[PDB]
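Below is one structure, written out as structure tokens; comments come after it.
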Amino acid sequence: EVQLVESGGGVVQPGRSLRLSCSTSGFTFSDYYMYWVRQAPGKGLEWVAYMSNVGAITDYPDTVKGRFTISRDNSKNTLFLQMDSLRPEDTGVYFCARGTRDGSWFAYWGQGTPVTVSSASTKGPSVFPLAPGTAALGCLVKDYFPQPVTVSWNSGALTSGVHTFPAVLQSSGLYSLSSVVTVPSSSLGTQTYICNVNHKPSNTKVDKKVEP
Amino acid sequence: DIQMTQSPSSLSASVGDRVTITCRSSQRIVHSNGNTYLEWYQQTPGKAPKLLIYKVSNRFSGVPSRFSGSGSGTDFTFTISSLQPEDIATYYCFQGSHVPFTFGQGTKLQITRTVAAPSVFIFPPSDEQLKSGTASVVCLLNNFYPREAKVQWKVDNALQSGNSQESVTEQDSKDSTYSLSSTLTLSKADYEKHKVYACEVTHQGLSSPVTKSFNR
Ligand SMILES: CC(=O)N[C@@H]1[C@@H](O[C@@H]2O[C@@H](C)[C@@H](O)[C@@H](O)[C@@H]2O)[C@H](O[C@@H]2O[C@H](CO)[C@H](O)[C@H](O)[C@H]2O[C@@H]2O[C@@H](C)[C@@H](O)[C@@H](O)[C@@H]2O)[C@@H](CO)O[C@@H]1O
């Protein structure tokens with residue numbers, strides 16, 4: 001199957017540079033024009049660039065023309081996006097996409113890589129347990145910057161009944177959120193519950209066991 | 001550039017309803033090669049968009065038959081014949097006929113379902129957070145509808161205000177409900193000066209307010 005995986009996203013100071021990569025597999029990379037599309041937090045989609053499969057034919061919207069440069073290494077089936085003189089407005093998730101022979105633009109998308117242009121330093125979250133018919137338990141993920149943070153339960157084995165709330169900004173300028181799950185009260189004491197928190201920007205990985 | 005304007009900006013419909021979204025370009029969008037590269041995308045929270053329709057009316061591989069597109073010139077329409085719970089998302093039109101390629105602003109589609117009262121849970125601060133000098137008390141409102149809800153905190157029967165924040169999940173893809181979290185933040189000192197903590201919930205589905213609490 002077609003796979004697109006972006007990487008390189010991070011927290012960068014205004015004016016600095018960042019280089020994004022998109023590794024592909026499952027199709028003949030050298031036969032397709034490739035694209036980059038981005039999405040600012042809470043905003044819509046915006047086409048960022050395109051590049052021919054060969055011949056290096058490119059184009060960008062005026063918002064990034066002169067600052068962003070798309071490139072590719074057909075021998076490695078990888079697409080790149082060099083972003084220079086980054087601005088706060090460039091903040092968002094950057095997607096790599098491929099169209100189809102017959103006329104579509106973004107038929108296949110990668111998962112996206114987050115880019116945050118900020119003057120502030122990255123900060124990892126603190127994680128606390130939310131101690132528990134059916135019972136509710138969870139984890140409080142507090143004081144981190146920037147988004148995103150991912151929370152799984154029992155390493156992905158527990159998904160039903162899980163609710164990870166959208167992060168909310170606190171007065172400190174830092175995000176906080178809670179992730180909860182409802183399970184049978186009869187399971188309390190027989191099954192272990194662990195929330196796996198991953199904050200990629202700060203490479204913070206926390207595993208918190210939640211007990212009654 | 002070519003402005004793509006979608007109508008409406010958002011809407012709600014019941015499962016089984018026929019939904020129609022429109023997109024109008026500020027200029028004609030017929031590519032020099034004669035094709036009209038108008039596409040519709042679907043995006044659910046946290047995930048990459050998914051192509052549904054391209055070249056105005058062609059359904060992408062794997063896309064359910066309930067989705068379709070049409071139009072010409074500067075007016076196009078996207079239609080879901082029979083809405084299903086999993087269709088909750090933001091839909092976008094896109095034009096690739098003239099550079100710069102542009103997207104519509106997006107149309108948020110929610111599902112209208114029967115009222116459902118929330119299940120309420122309250123969580124006291126963890127022992128490890130307390131030794132940090134702060135206490136977070138959490139109140140969870142699980143699986144309710146509509147989105148509107150009222151949460152009020154009470155410490156030793158005293159009404160709290162200004163020391164809480166709330167968050168609401170995206171509408172569930174299976175049961176079309178919402179969940180809400182309210183977090184009361186106090187200092188270790190304050191928290192340890194009181195015994196009874198409780199959150200009072202008011203909602204359309206509840207005949208009377210529900211209160212959950214605990215004794216420190
Ligand atoms: C598989 C592939 O990459 N084929 C390209 C083709 O791109 C494909 O078709 C276009 C219309 C678009 O849907 C792509 O996503 C899809 O991969 C190239 O077409 C050009 O693509 C660029 C970038 O999107 C512009 O859209 C450009 O106008 C396209 O050329 C026009 O459409 C072509 C089908 C021809 O009619 C051409 O004369 C038009 O100007 C072509 C470019 O030669 O190269 C591969 O075939």
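The chains in the structure tokens are called A, B, ... from first to last as shown; in each chain the residues are counted from 1, and the ligands are counted from 1 in the order shown.
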
Where does chain B meet ligand 1 within 9 Å, residue by residue, with the nearest atom pair and distance in Å to one decimal for each, counting only C-alpha atoms and all ligand atoms, listed by chain and rising number, as a Markdown table?
| residue | atom | partner | partner_atom_place_in_ligand_line | distance |
| --- | --- | --- | --- | --- |
| B:31 | CA | ligand 1 | 28 (O) | 7.4 |
| B:32 | CA | ligand 1 | 40 (O) | 6.9 |
| B:33 | CA | ligand 1 | 36 (O) | 5.1 |
| B:34 | CA | ligand 1 | 36 (O) | 8.3 |
| B:35 | CA | ligand 1 | 32 (O) | 8.3 |
| B:37 | CA | ligand 1 | 13 (O) | 7.5 |
| B:54 | CA | ligand 1 | 13 (O) | 8.9 |
| B:55 | CA | ligand 1 | 13 (O) | 8.8 |
| B:96 | CA | ligand 1 | 26 (O) | 6.3 |
| B:97 | CA | ligand 1 | 26 (O) | 6.8 |
| B:98 | CA | ligand 1 | 28 (O) | 7.7 |
| B:99 | CA | ligand 1 | 26 (O) | 8.2 |
| B:101 | CA | ligand 1 | 24 (O) | 8.6 |

Using only N, CA and C atoms, please write the residues we just selected to a file, as a compact mmCIF listing (two decimals), in the first residue's frame.
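For reference, part31.txt as written:
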# COMPACT_ATOMS: atom_id res chain seq x y z
N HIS B 31 -9.30 24.36 -16.24
CA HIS B 31 -7.89 24.33 -16.57
C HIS B 31 -7.70 24.53 -18.07
N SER B 32 -6.53 25.04 -18.46
CA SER B 32 -6.25 25.27 -19.87
C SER B 32 -6.45 24.00 -20.70
N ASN B 33 -6.26 22.83 -20.09
CA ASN B 33 -6.44 21.59 -20.83
C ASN B 33 -7.90 21.15 -20.89
N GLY B 34 -8.80 22.04 -20.46
CA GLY B 34 -10.22 21.74 -20.51
C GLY B 34 -10.84 21.05 -19.30
N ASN B 35 -10.02 20.51 -18.41
CA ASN B 35 -10.55 19.84 -17.23
C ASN B 35 -10.90 20.82 -16.12
N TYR B 37 -10.61 20.86 -12.38
CA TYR B 37 -10.01 20.17 -11.26
C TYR B 37 -10.57 20.67 -9.93
N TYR B 54 -12.97 14.00 -7.02
CA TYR B 54 -12.02 14.78 -7.81
C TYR B 54 -12.57 15.02 -9.21
N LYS B 55 -12.07 16.05 -9.88
CA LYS B 55 -12.53 16.41 -11.21
C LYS B 55 -14.05 16.56 -11.19
N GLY B 96 -7.60 22.98 -8.43
CA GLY B 96 -6.24 22.83 -8.91
C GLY B 96 -6.12 23.31 -10.35
N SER B 97 -7.15 24.00 -10.83
CA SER B 97 -7.19 24.50 -12.20
C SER B 97 -6.27 25.69 -12.49
N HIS B 98 -6.05 26.53 -11.48
CA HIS B 98 -5.20 27.71 -11.63
C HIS B 98 -4.32 27.92 -10.41
N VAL B 99 -3.02 28.10 -10.63
CA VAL B 99 -2.09 28.34 -9.53
C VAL B 99 -2.28 29.80 -9.11
N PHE B 101 -3.07 27.02 -6.18
CA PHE B 101 -4.17 26.11 -5.89
C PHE B 101 -4.78 26.56 -4.57

>> Quick check: residues of chain A within 6 Å of chain B, only C-alpha atoms, returned as JSON, numbers by chain.
In response: {"A": [44, 61, 104, 107, 111, 130, 165]}

Among chain B, which ones does DSSP place in strand (DSSP E or B), written as an MDAnalysis selection string?
chainID B and resid 4:7 10:14 19:25 38:43 50:54 58:59 67:72 75:80 89:95 102:104 107:112 116 119:123 134:145 150:155 158:159 164:168 178:187 196:202 210:215

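Every protein or nucleic acid residue with an atom no more than 12 Å from residue 124 (chain A), counting only C-alpha atoms and leaving out same-chain residues fewer than 2 positions away, appears here: residues 121, 122, 126, 127, 141, 142, 143, 144, 145, 146, 147, 148, 149, 174, 175, 176, 197, 198, 199, 200, 201, 202, 203, 204, 205 and 206 of chain A.
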
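Those residues of region 80-148 of chain B that DSSP, working from the backbone, places in helix (DSSP H, G or I) are residues 85, 86, 87, 127, 128, 129 and 130 of chain B.
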
Distance query residue 160 (chain A) at most 9 Å, only C-alpha atoms, self and fewer than 2 positions along chain excluded, as a ChimeraX atom specification
/A:158,162-163,181-183

Restricting to only C-alpha atoms, whichever of A:68, A:95, A:32, A:128 is closest to residue 55 (chain A) is A:32
